[PDB]
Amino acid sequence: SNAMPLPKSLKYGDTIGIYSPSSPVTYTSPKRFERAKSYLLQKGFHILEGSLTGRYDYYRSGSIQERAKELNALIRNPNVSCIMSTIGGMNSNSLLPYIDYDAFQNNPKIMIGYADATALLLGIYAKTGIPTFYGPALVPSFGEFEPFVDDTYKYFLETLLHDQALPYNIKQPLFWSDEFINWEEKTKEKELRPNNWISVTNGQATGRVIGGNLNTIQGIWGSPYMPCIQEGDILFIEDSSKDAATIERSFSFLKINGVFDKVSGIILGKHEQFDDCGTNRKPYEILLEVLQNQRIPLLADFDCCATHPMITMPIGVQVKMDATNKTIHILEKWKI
């Protein structure tokens, strides 16, 4: 494709602006928040704390307007190179009418996070055409204790700071965990589980990658903030800390919307703490029942989700997925 506007690569010493578009984690998990800030500051970055840092409004950090103001102040700040959510929740989609998309277009930045922040990552991409990044959120990702934080950090740097020739291979982490331990304070080492990606349905696909947190997508679907899925796209989806009933509903939502008629392939994230409801079924098994007799190449248990460690994935650029050989390559530039 033609060259297009892209955000500048991260540099050592850059300022990362943090915001809380949903849950008030900087108030309710202060130890993990301070540890995450300290992790990035020790690496040499600066943190600009958004205006709702340390505030509390129960399930959220502040009103819809206050949250949009917090993010906009970062978007408008020429000194901020990267805008990172603190954590998700459920309420990022409330901000969408109020975001200064023109200011973001004027001065594109690296916009990164995951989970509920998908509303914003996809909304900015839909409105501006600037790739956004499914990747670390400050508290969950950078407040993780060693060792996994260091793997997350390495992938973050490799994708956002280092020069990469194309095609850029996204390597499989060697070890992983989803254990529900060590949130504020560490009580034992997480298990270093040997990692694998899963060749659910063989084949290859090449196309623009679209997606993120599937549950969250259902809060933006049909609006101007959801990029339209096009023939040949590769669908990236993950859910975390849900159950079999919920994810069947979301998979059937995609099916009845025709999404599976369009896409060339599917990348499915690991599903942190999945509740199978007694079925013993894996998330991909439920998805494949919904697919019925339609064969689609599918690579599952991809490490770009709430499990540790986490890959940083550009969204809105061409990718090659090889479900048979379990490879993912980025084929188009995502930063300058």
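From 1 onward, residues are counted along the sequence shown.
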Next item on the list: Quick one: say whether 207 to 215 or 70 to 78 has the higher mean Cα B-factor in the deposited entry.
Entry: 70 to 78
Check: Of the two stretches 265 to 273 and 35 to 43, which shows the higher Cα B-factor on average in the entry?
Finding: 35 to 43
Next item on the list: Please pick out which of 124, 244, 165, 117 has the largest Cα B-factor as recorded in the entry.
Entry: 165
Check: Taking the Cα B-factors listed in the entry, which of 173, 227, 131, 108 comes out highest?
Finding: 108
Margin query: Quick check for you: using the entry's CA B-factors within this chain, is residue 112 in the lowest, middle or highest third?
Written below: lowest
Check: Among the modelled residues of its chain, does the C-alpha B-factor of residue 325 lie in the lowest, middle or highest third?
Finding: highest
Notebook entry, point to check: Split the chain's modelled residues into thirds by Cα B-factor; is residue 284 in the lowest, middle or highest one?
Noted result: lowest
Check: Thinking about Cα B factors across the chain, which third does residue 154 belong to?
Finding: middle
Item checked: Cα B factor band for residue 141 (lowest, middle or highest third within the chain) -> middle
